[PDB]
Amino acid sequence: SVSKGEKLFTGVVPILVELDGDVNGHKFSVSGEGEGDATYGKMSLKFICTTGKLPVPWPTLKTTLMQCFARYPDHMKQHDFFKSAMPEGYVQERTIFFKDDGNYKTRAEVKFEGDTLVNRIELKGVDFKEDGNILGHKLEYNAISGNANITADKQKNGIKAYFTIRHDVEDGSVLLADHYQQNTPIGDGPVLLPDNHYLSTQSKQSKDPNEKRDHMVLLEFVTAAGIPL
């Protein structure tokens with residue numbers, strides 16, 4: 001027996017995201033909603049800080065706030081761990097090390113609740129500088145793109161990923177955010193353990209002009225690559 005989780009993604013899937021965060025004791029929550037269309041690698045999303053002003057920059061939360069919506073080429077479909085874990089889902093854990101600043105540790109469960117793909121997340125950040133580029137809100141609000149490298153993790157029946165995001169800082173410098181990721185299935189069914197490959201993300205990031213809450217609107221396109229036909 002093999003998984004049939006990928007069949008859950010052939011159409012447009014509603015998305016719901018919930019995050020509770022605590023960075024240097026500053027607590028906050030974020031909710032998000034939108035839709036995923038994995039056939040085209042697409043997600044349309046809007047996130048809102050439900051506790052008032054977000055105490056860290058939106059760009060620092062982007063990667064934390066659903067690699068199951070990636071478009072895998074037909075010739076790479078046997079390497080799509082993320083959909084194979086569905087509907088029971090996966091746990092996604094990261095540590096994100098911000099160069100010369102603190103780190104985020106995140107734990108998420110990504111799974112279906114009925115027809116909705118839900119991403120529930122805890123985030124804890126420690127050791128940040130109150131006057132640094134993060135807690136001081138010195139990061140440009142601009143889209144991020146680029147690659148997430150994926151490798152099998154057979155010992156955990158899952159995957160690992162690694163990549164670094166280069167956040168633009170308002171002084172023209174770059175803040176490097178070194179990501180280390182581990183995903184494990186929640187259910188006990190069959191999963192796909194991939195050969196090495198990457199996910200490439202193209203993003204367009206905006207504000208809703210009528211929205212008074214602190215928020216972020218994204219249009220993301222994510223494609224698997226790195227294995228030749």
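Numbering of residues begins at 1 and proceeds along the displayed sequence. Just the heavy atoms: all of them, side chains too, but no hydrogens, waters or symmetry mates, feed the values below.
- We find the CG-CD1 distance between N147 and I165 to be 9.0 Å, quoted to the nearest 0.5 Å.
- A salt bridge is absent between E122 and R120: the closest approach of a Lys/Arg side-chain nitrogen to an acidic carboxylate oxygen does not fall below 4.0 angstrom.
- Sparse packing is recorded around NZ of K42, with 12 or fewer heavy atoms of other residues, nucleotides or ligands lying under 6.0 Å away.
- By the neighbour-count criterion of 12 heavy atoms within 6.0 Å, atom NZ of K46 is densely surrounded, having more than that number from other residues, nucleotides or ligands.
- Relative orientation of the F98 and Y104 rings is perpendicular, given thresholds of 30° and 60° on the angle between their planes.
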Worked verdict on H137 versus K53 for side-chain contact (heavy atoms from CB on, under 4.5 Å): CA-CA 11 Å; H137 297 269; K53 281 279 120 189; over 6 Å; no
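- At distances below 3.5 Å, not a single donor-acceptor pair connects side-chain atoms of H167 with backbone N or O atoms of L139.
- Proximity of a side-chain donor or acceptor of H215 to a complementary backbone N or O of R213 within less than 3.5 Å is detected.
- Between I134 and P57, some side-chain heavy-atom pair lies under the 4.5 Å cut-off.
- Inspection of the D20 and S29 side chains reveals an N or O donor paired with an N or O acceptor under 3.5 Å.
- A distance of 12.5 Å separates CE of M43 from CD of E35, quoted to the nearest 0.5 Å.
- Using a 4.5 Å heavy-atom cutoff, the side chains of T201 and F163 are not in contact.
- The same ILVMFWY cluster, assembled from side-chain heavy atoms under 4.5 Å apart, contains both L135 and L54.
- Within a 6.0 Å radius of CG in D188, no more than 12 heavy atoms belonging to other residues, nucleotides or ligands are found.
- The aromatic rings of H79 and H197 sit tilted relative to each other, their planes meeting at an angle between 30° and 60°.
- Tracing side-chain contacts under 4.5 Å through hydrophobic residues (I, L, V, M, F, W, Y), one never reaches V91 starting from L123; they form parts of separate clusters.
- Side-chain contact check for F47 versus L218: some heavy-atom pair is nearer than 4.5 Å.
- Side-chain heavy-atom separations under 4.5 angstrom define the hydrophobic clusters, and the remaining members of the one that includes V174 are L176.
- Atom CD1 of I186 is separated from atom NZ of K111 by 4.5 Å, given to the nearest 0.5 angstrom.
- Remark: the backbone N or O of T95 is not paired with any side-chain donor or acceptor of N103 at under 3.5 angstrom.
- Cluster annotation: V110 is connected to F112 through the hydrophobic network of ILVMFWY side chains, with a link wherever side-chain heavy atoms come within less than 4.5 Å.
- At a threshold of 4.5 Å between side-chain heavy atoms, the hydrophobic network of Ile, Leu, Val, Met, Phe, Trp and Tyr places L16 and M86 in two separate groups.
- Side chains of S145 and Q202: no donor on one and acceptor on the other come within 3.5 Å.
- Looking only at distances, a side-chain donor or acceptor of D101 sits under 3.5 Å from a matching main-chain atom of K129.
- Heavy-atom contacts from other residues, nucleotides or ligands closer than 6.0 Å to NZ of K207 number more than 12.
- Around CG of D115, the count of heavy atoms belonging to other residues, nucleotides or ligands within 6.0 Å does not exceed 12.
- Taking the six-membered ring where the residue is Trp, the centroids of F221 and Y40 are separated by 6.0 Å or more.
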Chi angles and distances behind the side-chain contact (heavy atoms from CB on, under 4.5 Å) call for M216, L61: CA-CA 10 Å; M216 175 172 68; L61 299 185; 5.7 Å; no
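- Counting only distance, with no hydrogens or angles, the side chain of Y141 and the backbone of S206 share a donor-acceptor pair below 3.5 Å.
- Residue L65 holds its CG atom at 6.5 Å from CH2 of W58, rounded to the nearest 0.5 Å.
- Put simply, CD on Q92 and CD1 on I121 are 8.5 Å apart, with the number rounded to the nearest 0.5 Å.
- In this structure, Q181 and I159 have side chains that are in contact, with non-hydrogen atoms separated by less than 4.5 Å.
- The neighbour count for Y162 OH, taken as heavy atoms of other residues, nucleotides or ligands under 6.0 Å away, does not exceed 12.
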Evaluation steps, side-chain contact (heavy atoms from CB on, under 4.5 Å), between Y72 and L199: CA-CA 9 Å; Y72 276 69; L199 303 180; 3.6 Å; yes
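- A ring-centre distance under 6.0 Å is found for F97 and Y180.
- Side chains of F69 and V222 form no contact here, defined as non-hydrogen atoms less than 4.5 Å apart.
- For the pair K83 (side chain) and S3 (backbone), a donor-acceptor distance under 3.5 Å is absent.
- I227 is not connected to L192 by any chain of hydrophobic side-chain contacts under 4.5 Å among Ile, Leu, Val, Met, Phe, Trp and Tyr, and they are in different clusters.
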Residues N24, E130; criterion side-chain contact (heavy atoms from CB on, under 4.5 Å); working and verdict: CA-CA 9 Å; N24 277 36; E130 285 283 352; 4.1 Å; yes
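- The CZ atom of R71 sits 13.0 Å away from atom NZ of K77, with the distance rounded to the nearest 0.5 Å.
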